[PDB]
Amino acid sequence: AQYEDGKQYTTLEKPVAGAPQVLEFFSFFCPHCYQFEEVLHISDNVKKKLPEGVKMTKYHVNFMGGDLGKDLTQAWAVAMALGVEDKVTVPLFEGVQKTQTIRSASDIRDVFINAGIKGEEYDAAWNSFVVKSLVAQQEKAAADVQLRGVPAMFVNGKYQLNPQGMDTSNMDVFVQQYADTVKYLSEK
């Protein structure tokens, strides 16, 4: 068949009931995730191919970057709570992996200030239990599929994208094969 288990995707042996339809996991410390966001715009291109009524969820992980990696999961919870993912994703990637200007939780906070989130508003969110709950949701979802690597993407808690079974001689063709696979899986 054109799409085959083990080629463009793998099937979870333990399916996760009631999981988000399209669930992406990343880390601001992960070099491939930097490419997935800034060079390939994977999330945007998947979203532009997805059927109607299919929601996309994207979560940060703790297992890279020790203390700061856990700060970044909480900061991503702040980004989701305030709805400013599109404003902070690039400066967070570049601050961690390009310019090496993110070394502390305060440096993370500076990205949000510079992106226009008020200081009192960032701090209220950071300390809020709504943000604690969002952190817990990110952890639970990763635990549900015993996640040990990023980037990763899961469709209906059943299928996991397999990018290494795709051709990368052309970056645009790769992106569209990846997105078409997500669409194919969402339609299973």
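Just so we're on the same page, rigid core means the largest C-alpha set that superposes within 1.5 Å between forms. In this text, residue numbers run from 1 along the sequence as written.
- When the other structures are laid on the shown form by the core, the C-alphas of 44-52 and 57-65 differ in how far they drift in 5 other deposited structures of this protein; the larger average drift belongs to 44-52.
- Rigid core superposition in 5 other deposited structures of this protein puts the Cα atoms of one stretch, out of 19-27 and 161-169, farther from the shown form on average, and that stretch is 161-169.
- As listed in the deposited structure, the average C-alpha B-factor of 152-160 and of 66-74 is greater for 152-160.
- Taking the mean C-alpha B-factor of each stretch as recorded, 175-183 and 14-22 are not equal, and the higher mean is that of 14-22.
- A81: CA B factor in the highest third of modelled residues in this chain (values from the PDB entry).
- In the deposited entry, the Cα temperature factor of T57 places it in the middle third of its chain's modelled residues.
- Remark: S128 belongs to the middle third of its chain, ranked by C-alpha B-factor as recorded.
- Per the deposited record, the Cα B-factor of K47 falls in the middle third when ranked against the other modelled residues of its chain.
- Among all modelled residues in its chain, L40 ranks in the highest third by Cα B-factor.
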